[PDB]
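In what follows, a single structure is set out as structure tokens and then discussed.
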Amino acid sequence: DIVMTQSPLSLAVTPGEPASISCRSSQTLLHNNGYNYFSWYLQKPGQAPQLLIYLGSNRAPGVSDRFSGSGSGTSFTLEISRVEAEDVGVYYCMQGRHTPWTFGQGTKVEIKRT
Amino acid sequence: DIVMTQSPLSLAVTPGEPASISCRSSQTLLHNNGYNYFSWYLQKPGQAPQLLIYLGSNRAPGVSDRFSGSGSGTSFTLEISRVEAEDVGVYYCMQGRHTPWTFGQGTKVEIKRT
Amino acid sequence: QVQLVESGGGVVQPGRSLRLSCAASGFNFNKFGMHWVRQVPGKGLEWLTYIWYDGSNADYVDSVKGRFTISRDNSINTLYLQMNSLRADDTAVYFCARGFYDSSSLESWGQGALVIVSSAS
Amino acid sequence: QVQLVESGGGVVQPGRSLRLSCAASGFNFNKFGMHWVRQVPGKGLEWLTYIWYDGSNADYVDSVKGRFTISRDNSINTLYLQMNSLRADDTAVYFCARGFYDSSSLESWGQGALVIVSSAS
Amino acid sequence: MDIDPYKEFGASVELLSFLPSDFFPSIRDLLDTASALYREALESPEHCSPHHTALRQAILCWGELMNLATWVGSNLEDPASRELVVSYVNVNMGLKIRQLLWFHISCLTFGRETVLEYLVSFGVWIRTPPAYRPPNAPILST
Amino acid sequence: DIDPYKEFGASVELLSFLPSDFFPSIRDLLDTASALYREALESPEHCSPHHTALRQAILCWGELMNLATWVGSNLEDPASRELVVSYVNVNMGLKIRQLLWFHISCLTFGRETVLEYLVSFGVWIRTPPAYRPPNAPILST
Amino acid sequence: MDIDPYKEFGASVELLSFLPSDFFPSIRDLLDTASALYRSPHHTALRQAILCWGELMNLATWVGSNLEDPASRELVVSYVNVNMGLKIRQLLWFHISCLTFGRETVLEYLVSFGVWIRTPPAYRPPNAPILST
Amino acid sequence: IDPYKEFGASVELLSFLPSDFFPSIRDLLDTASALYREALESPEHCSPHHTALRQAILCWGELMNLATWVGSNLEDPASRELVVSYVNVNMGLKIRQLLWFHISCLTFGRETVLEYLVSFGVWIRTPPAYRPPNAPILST
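Listed in order, the protein sequences are those of chains A, B, C, D, E, F, G and H.
Per our numbering, the very first residue in the first sequence carries number 988; after that it's consecutive.
Per our numbering, the very first residue in the second sequence carries number 988; after that it's consecutive.
Per our numbering, the very first residue in the third sequence carries number 5; after that it's consecutive.
Per our numbering, the very first residue in the fourth sequence carries number 5; after that it's consecutive.
Per our numbering, the very first residue in the fifth sequence carries number 15; after that it's consecutive.
Per our numbering, the very first residue in the sixth sequence carries number 49; after that it's consecutive.
Per our numbering, the very first residue in the seventh sequence carries number 1184; after that it's consecutive.
Per our numbering, the very first residue in the eighth sequence carries number 3; after that it's consecutive.
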């Protein structure tokens, strides 16, 4: 039912510089508990997906501080202060306000060629 | 001092059928604690003896439920519900009412030939 | 950390039906829910269905609505996903996961298994 | 589970005397009694003697009464059985065991050792 | 720590714990009887007398509790959490409220000396060979 | 050479005639003592010998429970433990049940009626079951 | 249905509710003073509220111990220690103050606070009115 | 729940008395019997400590009966001993103590007992270097 959206589709980062990615959702995610149900996932070729941010603005256990995010309502952004060589992958955002669950379109990162 | 007795001397069992063996003692084994001092032992060729029933009517730890017995006073009986291929051996009964300790005569089991 | 291992994946002849195995251990299965995730090559993740601890309720997406079913056997703590009326668009690797951050996002993801349908061998 | 290993068994020339070794470990030797069991081929088990934890008391059967003796050294937790005036009827394998179901029937039985007497070698 | 609501009134906690839990009535029955027979008495702003402020304070806890239950109903999306908490709020903890309401109610009509002797006699009666006691249990009656 | 009930005008045989089923459980007696007479049980008062008997019975049986626990913890061989605990609990505790019921009843209703109840119960039991009235007399109030 | 602890004590819920939510004190220190300086049915009301708080604390601790799911904990704890304690603080303050100053020397204080708040901030006298000794 | 409370004493007050410096069992038995058999045998009911002793002697009788029964059965010598040694040594401290208390309060009056009991605490606390040689006796 919910239409998901992501942007930009691609973003190549010189490593050591900050970067931001934006994911947008149609319907509001502010429940009556003051919380927002939004997710940040990390996926690696040949590996299972891993968690990035939980509950909208809380870091998942064991995740390095290099990744941070914030936002509320229908707008959110994923920010990485310093890009490391192991950060290459395709990122996803998900919705869990109302069933059925819907996923985004994806965002893959790489190194800007010379 | 105590004369021990066992019967029957031999009993070949088609396996999967029940069987009973009887061991008799001359003097009563009912002490003033309400218990009877009688034993059931199992002996295998090339191996050390193993316990079957303890204290007359209590199963020894780790022994399978396939063997059971009961009785009191001067009469007791060993009953095996289902005979398995690993049950072949010579069985013994012992006395521990008064010193010195005395053993029985033995009872060996086998398979009835065709 | 909980470890989940799947089984039953492989090639299946067209027109038949297949069942996949996803068992879990090391945590209280009766106290948490389970979810199914699918990935055909070339696209991203897609949600399919989920079941609650009791199992009385269930939900499905419109793509496979009425043709897939999910059930759990709390005696052995094993998940089950039954596939019928398979199509060429269903060729994908399947993952079963668990979510416990207040019932929103999946936390531990299994290794997954791929399912392939075709006539050649 | 306690494990007991004997030693000292073997062939002995006629007319002499021999001593057998039976050591135990893994349980409280000072809190339990010990027993000796014998088996010549062709017959069944036969009780010989036993000793209490203190060792002050002992008993014997009429067959070997007054010719065998048993003693224990609680410092090293080792059993001892001394044989004198051996006869041709004494050729048998010897077992030392322990009983703890309320002091009635033996529970753990050692592997045993055989004793043989003869003149040929 | 020594917070015994019955201490000032002459009774004590162990006396209530003497009787089995299952013997006590439900909840809605107590609410209905109270509303039916003492609506004006509880509503009256007059000082009235002891046990009345007690009932007033007691009913309030039950009210709030049920407010919490109806609030958490809609929230707490997780099914398991929902059922467990709600059952705890209305199946385990209400025992004490029961006891309080029953004690007070029984005191109001049939007296105090009466409810105390009834309690002790019933406690003695239950614990005694079945064949060595009167056939009938002691009904409070008047 | 001791008659514990002689100080209240009763004898051992009076209670010995009472079967075992009549006395309640030990837990029941302890709970009654705790709930119904705790306030004055600890406090100091004159006379009231029944208080003194109850107080010393509670210590005696507590010591017996401590013995039961201590024997349970030790004595690795389970065979003896059953016999020991049986004798300590069911057989020895009979006297404790005997004394606790006597004194508790004496407190609630006094010597005036308990003695008559005892003599009446004895008279009822002595006769054979064939001509025994329907039910055993109840102490009542 | 028509229950309200304030009515029988000559007070109306309007007087006790006219005050703002921020004027009320915390619950840890109020509990401490109540226990320290104290031990009519007003005492029985104080004891009942004490019991209510204690049982709520027992509930919160137990739910923290069980309920392995992490998320629910924060919501349950916040609701019972923030929303469910405002009125508790209200009842304790109302049932405690009057034991020291007296009945009357309480109503007048409550009414004056309404006049003070109604006055626009610009024209409001600087002082912070208090009932004092 | 308090062994002595109603005599104006406390379990902590008796702590100062070391366990070893108590008298042997049979001495207290004899001292009670020989002196106060007549006191035991009377219709008068007073001096609760009389009945208390009557309870102490009954408890000792029951324990001795248990001891002989164990001696009769339980063939295993080790366990039998162990139990006999425990009942003889560890089991009698409380009884004893009780006997010392009452026997000794019916003879010397209560006030004399309370004085002796609080004073004896002095002896243990003082250091041997300057402690007086002798310790206090109940006297009379």
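The C-beta atom is built at its ideal place from N, Cα and C for all residues, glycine as well.
>> Check whether chain E comes within 9 Å of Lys-35 (chain C), counting only Cβ atoms and requiring the distance to be less than that.
In response: Residue 35 (chain C) sits at position 31 when you count from the first residue of the third sequence. By this cut-off, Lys-35 (chain C) is an interface position.
> Say the cut is 8 Å; is the CB of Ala-1006 (chain B) nearer than that to a heavy atom of the ligand HEM?
Replying inline: Here there are no bound small molecules, and the ligand HEM is not part of this structure.
> What residues in its chain sit with their C-beta under 7 Å from that of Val-1070 (chain A), if we drop five residues either side in the sequence?
Replying inline: For the purposes of this step, residue 1070 (chain A) is identified with residue 83 of the first sequence, where counting begins at 1. Within the same chain, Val-1070 (chain A) has close Cβ partners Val-1000, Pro-1002, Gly-1003, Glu-1004 and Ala-1006.
> Along chain G, in chain order, which residues have C-beta atoms closer than 8 Å to that of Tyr-105 (chain C)?
Replying inline: Numbered from 1 along the third sequence, position 101 holds the residue referred to as residue 105 (chain C). By Cβ distance, chain G contributes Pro-1253 and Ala-1254.
>> Spatial neighbours of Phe-1090 (chain B) within its chain, please: C-beta separation below 7 Å, excluding the five flanking residues on both sides.
In response: In the second sequence, residue 1090 (chain B) corresponds to position 103, counting from 1. Same-chain partners within the cutoff: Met-991, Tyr-1079 and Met-1081.
> Does the Cβ-Cβ distance between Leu-1229 (chain G) and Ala-1217 (chain G) come in under 9 Å?
Replying inline: The residue you call residue 1229 (chain G) lines up with position 46 of the seventh sequence. The residue you call residue 1217 (chain G) lines up with position 34 of the seventh sequence. Cβ atoms of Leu-1229 (chain G) and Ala-1217 (chain G): closer than 9 Å.
>> Suppose you measure from the CA of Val-1050 (chain B) to the CA of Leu-1039 (chain B); what does that come to, to the nearest Å?
In response: Locating residue 1050 (chain B) in the second sequence gives position 63, counting from the first residue. Locating residue 1039 (chain B) in the second sequence gives position 52, counting from the first residue. Going from the Cα of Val-1050 (chain B) to the Cα of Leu-1039 (chain B) covers about 7 Å.
>> Distance cutoff 9 Å, beta carbons only. Does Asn-32 (chain D) sit that close to anything in chain F?
In response: Here the question's residue 32 (chain D) lines up with position 28 in the fourth sequence. Yes, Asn-32 (chain D) counts as interfacial toward chain F.
> Along chain E, in chain order, which residues have C-beta atoms closer than 9 Å to that of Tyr-64 (chain C)?
Replying inline: Stepping through the third sequence from its first residue, residue 64 (chain C) is reached at position 60. Near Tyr-64 (chain C) there are no residues of chain E at all, since even the closest Cβ is about 18 Å away, more than 9 Å.
> For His-66 (chain E), which three-state DSSP category applies?
Replying inline: On the fifth sequence, residue 66 (chain E) is found 52 positions in, with the first residue counted as 1. The answer is helix: DSSP assigns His-66 (chain E) an H, G or I state.
> How long is the line joining the alpha carbons of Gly-1058 (chain A) and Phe-1025 (chain A), rounded to whole angstroms?
Replying inline: Indexing the first sequence from 1 puts residue 1058 (chain A) at position 71. Indexing the first sequence from 1 puts residue 1025 (chain A) at position 38. Computed Cα separation, rounded: 10 Å.
> Smallest Cα separation from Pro-1032 (chain A): which of A:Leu-1017, A:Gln-993, A:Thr-1015 and A:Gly-1076?
Replying inline: In the first sequence, counting from the first residue as 1, residue 1032 (chain A) sits at position 45. Residue A:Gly-1076 is the option with its Cα nearest to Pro-1032 (chain A).
> Closest Cβ-Cβ distance between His-104 (chain H) and chain F: below 9 Å?
Replying inline: By one-based count along the eighth sequence, residue 104 (chain H) stands at place 102. No, no contact with chain F.
> So the beta strand (DSSP E) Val-119 (chain D) belongs to, where does it begin and stop?
Replying inline: As a working note, residue 119 (chain D) is residue 115 in the fourth sequence. 117-121 is the span of the beta strand (DSSP E), which, as asked, contains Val-119 (chain D).
>> Does the structure place the region 157-170 of chain F close enough to the region 62-80 of chain F that three or more beta carbon pairs sit under 8 Å?
In response: yes
> Leaving out the 5 sequence neighbours to the left and right, which residues in its chain are closer than 8 Å to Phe-72 (chain C) when beta-carbon positions are compared?
Replying inline: What you label residue 72 (chain C) is simply residue 68 of the third sequence in a count that begins at 1. The answer, listed in chain order, is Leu-52, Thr-53, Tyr-64, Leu-85, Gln-86, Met-87 and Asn-88.
> In terms of residue numbering, what span does the beta strand (DSSP E) encompassing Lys-1095 (chain B) cover?
Replying inline: On the second sequence, residue 1095 (chain B) is found 108 positions in, with the first residue counted as 1. It spans 1094-1097 - the beta strand (DSSP E) in which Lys-1095 (chain B) sits, taken as one unbroken run.
> Is the region 1061-1069 of chain A touching the region 1008-1022 of chain A, taking contact as three or more C-beta pairs under 8 Å?
Replying inline: Counting C-beta pairs with one atom in each stretch, the region 1061-1069 of chain A and the region 1008-1022 of chain A have three or more that are closer than 8 Å, which means they touch.
>> Using only CA atoms, which one of B:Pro-1036, B:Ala-1035 and B:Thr-1086 lies nearest to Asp-66 (chain D)?
In response: Position 62 of the fourth sequence, counted from the start, is the residue given in the question as residue 66 (chain D). Here the closest residue by C-alpha is B:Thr-1086.
> Is DSSP giving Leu-66 (chain F) helix, strand or coil here?
Replying inline: Within the sixth sequence, numbered from 1, the residue matching residue 66 (chain F) stands at position 18. DSSP places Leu-66 (chain F) in coil when its eight states are reduced to three.
> Closer than 9 Å, CB to CB, is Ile-73 (chain E) near chain G or not?
Replying inline: Numbered from its first residue, the fifth sequence carries residue 73 (chain E) at position 59. With its beta carbon less than 9 Å from one in chain G, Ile-73 (chain E) belongs to the interface.
> Mapping DSSP to helix, strand and coil, what is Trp-172 (chain F)?
Replying inline: Indexing the sixth sequence from 1 puts residue 172 (chain F) at position 124. Residue state, collapsed to three classes: helix.
>> Among the candidates C:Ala-117, C:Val-6, C:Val-119 and C:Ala-96, whose CA atom is the shortest distance from the CA of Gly-46 (chain C)?
In response: Translated into positions along the third sequence, residue 46 (chain C) becomes position 42. Comparing Cα positions, the closest option is C:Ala-96.
> What is the rounded straight-line gap between the Cα of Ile-111 (chain E) and the Cα of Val-13 (chain H)?
Replying inline: Stepping through the fifth sequence from its first residue, residue 111 (chain E) is reached at position 97. Stepping through the eighth sequence from its first residue, residue 13 (chain H) is reached at position 11. Cα to Cα, the separation comes out at about 41 Å.
> How is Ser-1059 (chain B) classed by DSSP in three states: helix, strand or coil?
Replying inline: As a working note, residue 1059 (chain B) is residue 72 in the second sequence. In this structure, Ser-1059 (chain B) counts as strand in the three-state DSSP scheme.
> Any beta-carbon of chain H closer than 9 Å to the one on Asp-77 (chain D)?
Replying inline: For the purposes of this step, residue 77 (chain D) is taken as residue 73 along the fourth sequence, with counting starting at 1. Chain H, which has no Cβ nearer than 9 Å to the Cβ of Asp-77 (chain D), makes this no.
> Is the Cβ-Cβ distance between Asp-76 (chain F) and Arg-53 (chain E) less than 9 Å?
Replying inline: Numbered from 1 along the sixth sequence, position 28 holds the residue referred to as residue 76 (chain F). Numbered from 1 along the fifth sequence, position 39 holds the residue referred to as residue 53 (chain E). No, Cβ-Cβ distance for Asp-76 (chain F) and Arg-53 (chain E) is not below 9 Å.
> Do you know how far the Cα of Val-133 (chain F) is from the Cα of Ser-112 (chain D)?
Replying inline: As a working mapping, residue 112 (chain D) is identified with position 108 in the fourth sequence. As a working mapping, residue 133 (chain F) is identified with position 85 in the sixth sequence. So the two alpha carbons sit approximately 27 Å from each other.
>> Taking only three categories from DSSP, how would you classify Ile-186 (chain F)?
In response: Here the question's residue 186 (chain F) lines up with position 138 in the sixth sequence. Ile-186 (chain F) falls in the coil class under three-state DSSP.
> Which residue or residues does DSSP assign as beta-bridge partners of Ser-21 (chain C)?
Replying inline: Along the third sequence, read from residue 1 onward, the residue named residue 21 (chain C) stands at position 17. In DSSP, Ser-21 (chain C) forms no bridge with anything.
> Roughly how many angstroms separate the alpha carbons of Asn-1045 (chain B) and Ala-127 (chain F), rounded to a whole number?
Replying inline: Here residue 1045 (chain B) corresponds to residue number 58 of the second sequence, with the count starting at 1. Here residue 127 (chain F) corresponds to residue number 79 of the sixth sequence, with the count starting at 1. Roughly 11 Å between the two C-alpha positions.
> What residues from chain E crowd round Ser-82 (chain F), counting only those whose CB sits closer than 8 Å?
Replying inline: For the purposes of this step, residue 82 (chain F) is taken as the residue at position 34 of the sixth sequence. Those within 8 Å of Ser-82 (chain F) in chain E are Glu-28.
>> At the level of alpha carbons, what is the spacing between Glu-64 (chain H) and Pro-52 (chain F)?
In response: Along the eighth sequence, one-based indexing puts residue 64 (chain H) at 62. Along the sixth sequence, one-based indexing puts residue 52 (chain F) at 4. For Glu-64 (chain H) and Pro-52 (chain F), the distance between alpha carbons rounds to 14 Å.
>> To the nearest angstrom, how far is the alpha carbon of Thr-156 (chain F) from that of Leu-78 (chain F)?
In response: The residue you call residue 156 (chain F) lines up with position 108 of the sixth sequence. The residue you call residue 78 (chain F) lines up with position 30 of the sixth sequence. Those two C-alpha atoms are separated by around 15 Å.
> Using the C-alpha atoms, what's the distance from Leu-123 (chain F) back to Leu-1042 (chain B)?
Replying inline: The sequence position of residue 1042 (chain B) within the second sequence is 55, counting from 1. The sequence position of residue 123 (chain F) within the sixth sequence is 75, counting from 1. Between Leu-1042 (chain B) and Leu-123 (chain F), the C-alpha separation is close to 18 Å.
>> I need the straight-line Cα distance from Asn-136 (chain H) to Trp-102 (chain H), nearest angstrom please.
In response: Within the eighth sequence, the letter at position 134 stands for residue 136 (chain H). Within the eighth sequence, the letter at position 100 stands for residue 102 (chain H). Near 21 Å, if we compare the C-alpha coordinates of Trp-102 (chain H) and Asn-136 (chain H).
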